[PDB]
Amino acid sequence: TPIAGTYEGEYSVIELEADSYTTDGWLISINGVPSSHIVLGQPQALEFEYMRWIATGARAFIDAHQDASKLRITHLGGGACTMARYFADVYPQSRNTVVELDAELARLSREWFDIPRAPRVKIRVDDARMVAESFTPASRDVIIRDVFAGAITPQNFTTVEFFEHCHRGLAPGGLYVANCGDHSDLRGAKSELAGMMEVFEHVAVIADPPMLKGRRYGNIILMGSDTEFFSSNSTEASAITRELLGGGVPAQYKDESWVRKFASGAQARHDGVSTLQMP
């Protein structure tokens, strides 16, 4: 069992709180921001809406297009390794590699956050941008980006150069999926999409409707692949939709045609010029 309290991470303060009502339920917060929720022994139980959305969009794609018995999923970030733990249970032959910045969060995840052994879930303590730059061709089938959840994504995870590294690492036709937090101008999400469209042939999104409506900050799941995404009037899209209506916040699947209009006019981002200073 986890022990409730405050833990000093390498890059963050980590707080573990036991659910009052759920046996073996645990909330994990990072720098005061709720970041994951788990129920021990129930690796498919998710409480974070955007995690449910990633699960729905990624499973629809994997089920339609990929071979689960040999699936390789790279998680660039991911609070408590919970998404990795989820996919490891849904796809019991999958190999999930989580690249985590914080050595102490990595250690707590292995000890207390109820993950299966490596290679089903394998943690690498490293800078995720640097790991992406070293991807070799066709070395993974899915990449899930979930860095610093709750914050606007660091710029180096949003550029054409980053997406090009991800594209090289993906098996032909593989899936890129990102959690993007944005406030209601949506300039961040739209610029990420603009960069993704230079790199991947196809894009789709799963969106929080009150954020699209400018009511609040929210999450949008950005998907890119050289494989076509389902169209809005398909039976697969209806199945995705029924799942998206099952959470506490009903969400919407938007197909490539919608995304190209949504992000029209947005400018892709590029890595900044080098600002390295030498002694």
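Position 1 is the first residue of the sequence; numbering continues from there.
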Go through the steps for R168 and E164 under the test salt bridge (charged side-chain N to carboxylate O under 4.0 Å, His left out), then give the verdict.
CA-CA 6 Å; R168 182 179 67 254; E164 289 282 16; over 6 Å; no
Quick one: NZ on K70 to CD on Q93, what's the gap to the nearest 0.5 Å?
12.0 Å
Are more than 12 heavy atoms from other residues, nucleotides or ligands located less than 6.0 Å from atom CD1 of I152?
no
Output for pair (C166 SG, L175 CG), nearest 0.5 Å, gives 11.0 Å
Would you call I221 and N179 a side-chain contact if the rule is heavy atoms closer than 4.5 Å?
yes
Residues in salt bridge (charged side-chain N to carboxylate O under 4.0 Å, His left out) with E104, at least two apart?
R107
I need the full list of side chain to side chain donor-acceptor pair (under 3.5 Å) pairs touching residues 192-203, with sequence neighbours left out, sorted by first then second residue.
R145-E192, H202-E256
Expected output: side-chain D182 to main-chain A189 donor-acceptor under 3.5 Å
yes
Specify the closest pair of heavy atoms between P209 and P250, including all atoms of both residues, with the distance to one decimal.
CD-O, 3.3 Å
Do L76 and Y50 sit in one hydrophobic cluster, given that two such residues count as connected whenever their side-chain heavy atoms are within less than 4.5 Å of each other, even indirectly?
no
Atom CZ of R140 with >12 non-hydrogen neighbours under 6.0 angstrom:
yes
Please find the pair of heavy atoms, one from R52 and one from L46, that lie closest to each other, and give the distance.
NH1-O, 3.2 Å
Test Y91 against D63 for side-chain contact (heavy atoms from CB on, under 4.5 Å), laying out the working first.
CA-CA 10 Å; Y91 300 117; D63 292 347; 2.8 Å; yes
For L27 and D19, work out which heavy atoms get closest and say how close.
N-OD1, 4.3 Å
Using a 6.0 Å cut-off, check whether atom CZ of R117 has over 12 heavy atoms from anything other than its own residue.
no
Sorted by chain and residue number, the salt bridge (charged side-chain N to carboxylate O under 4.0 Å, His left out) partners of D185 (sequence neighbours excluded) come out as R187
Between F163 and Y176, ring centroids under 6.0 Å
yes
Please check: side-chain N/O of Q155 versus main-chain N/O of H270, any donor-acceptor pairing under 3.5 Å?
yes
Considering only heavy atoms from C-beta outward, does the side chain of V98 approach that of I115 to under 4.5 Å?
no
Within a strict 4.5 Å, meaning less than it, do heavy atoms of the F135 and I143 side chains meet?
yes
Check whether any side-chain heavy atom of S191 lies under 4.5 Å from a side-chain heavy atom of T158, and answer yes or no.
no
Quick one: does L212's side chain get under 4.5 Å of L186's, heavy atoms only?
yes
Judged by atom type as modelled, is there a donor-acceptor pair below 3.5 Å linking the side chain of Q277 to the main-chain atoms of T275?
no
Could you tell me whether the side chain of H167 reaches within less than 4.5 Å of the side chain of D226, counting heavy atoms only?
yes
Applying a strict under-4.5 Å side-chain criterion to I, L, V, M, F, W and Y, I'd like to know whether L245 and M51 cluster together.
no
Are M223 and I73 co-members of a hydrophobic cluster defined by side-chain heavy atoms under 4.5 Å apart?
yes
Where is the tightest heavy-atom contact between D141 and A171, given as atom of each residue plus distance?
OD1-CB, 3.6 Å
Rounded to the nearest 0.5 Å, what separation is found between the CZ atom of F162 and the CE atom of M196?
9.5 Å
Is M83 linked to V177 within one hydrophobic cluster, defined over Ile, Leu, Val, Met, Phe, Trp and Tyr using a side-chain heavy-atom separation of less than 4.5 Å?
yes
Could you tell me whether the side chains of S231 and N233 share a donor-acceptor contact shorter than 3.5 Å?
no
With sequence neighbours excluded, residues passing ring-ring contact (aromatic ring centres under 6.0 Å, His included) with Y217:
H183
Please confirm whether the backbone N or O of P210 pairs with a side-chain atom of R216, one donor and one acceptor, at under 3.5 Å?
no
Taking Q66 for the side chain and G174 for the main chain, is one N or O donor matched with an acceptor at less than 3.5 Å?
no
Is there a side-chain contact (heavy atoms from CB on, under 4.5 Å) between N219 and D208 once you walk through the steps?
CA-CA 6 Å; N219 296 83; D208 186 314; 5.6 Å; no
Check the pair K122 / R95 against side-chain contact (heavy atoms from CB on, under 4.5 Å), numbers first and verdict last.
CA-CA 8 Å; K122 181 179 185 180; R95 287 189 283 159; over 6 Å; no
So, the side chain of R269 versus the backbone of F157: is there a donor-acceptor pair under 3.5 Å, distance only?
no
Working to the nearest 0.5 angstrom, can you tell me the gap between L222 CG and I54 CD1?
10.0 Å
Would you mind listing the cluster partners of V273? Hydrophobic ones only (ILVMFWY), side-chain contacts under 4.5 Å, chaining allowed.
none
With a 3.5 Å distance limit and no angle check, can you tell me whether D102 reaches the backbone of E10 through a side-chain donor-acceptor pair?
yes
Heavy atoms only: give me the nearest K190-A263 pair and the separation to one decimal.
O-CB, 4.0 Å
Apart from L16 itself, what residues make up its hydrophobic cluster, given side-chain heavy atom links below 4.5 Å?
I3, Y7, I14, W26, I28, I30, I38, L40, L105, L108, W112, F113
If we ignore hydrogens and angles and just use 3.5 Å, is the side chain of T227 paired with the main-chain N or O of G173 as donor and acceptor?
yes
Do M211 and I220 come close enough that some side-chain heavy atom pair is under 4.5 Å?
yes
Which residues satisfy the salt bridge (charged side-chain N to carboxylate O under 4.0 Å, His left out) test with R242, sequence neighbours excluded?
none
d(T82 OG1, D146 CG) to nearest 0.5 Å is 10.0 Å
Over 60° means perpendicular and under 30° means parallel, so classify the ring planes of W258 and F262, tilted if in between.
parallel
Could you work out, with ring-ring contact (aromatic ring centres under 6.0 Å, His included) as the rule, every residue matching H165, not counting sequence neighbours?
none
Taking only residues two or more places apart in sequence or in another chain, which ones pass side chain to side chain donor-acceptor pair (under 3.5 Å) with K254?
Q252
Within the structure provided, determine whether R129 and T159 are in side-chain contact (heavy-atom separation under 4.5 Å).
yes
If you apply the rule side-chain contact (heavy atoms from CB on, under 4.5 Å), what do you find for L170 with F200, and how did you get there?
CA-CA 11 Å; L170 284 167; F200 295 96; 3.8 Å; yes
Restricting to side-chain contact (heavy atoms from CB on, under 4.5 Å), what partner residues turn up for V90, sequence neighbours left out?
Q44, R59, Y86
Check side chain to side chain donor-acceptor pair (under 3.5 Å) between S257 and all other residues, then give those that pass, not counting sequence neighbours.
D255
Roughly how far apart are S35 OG and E15 CD, rounded to 0.5 Å?
12.0 Å
Give me each pair satisfying ring pair (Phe, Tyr, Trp, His ring centres under 6.0 Å) with a member in residues 228-251, each pair once, sequence neighbours excluded.
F61-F229, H65-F230
Can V147 be reached from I144 by stepping across I, L, V, M, F, W or Y side chains whose heavy atoms are under 4.5 Å apart?
no
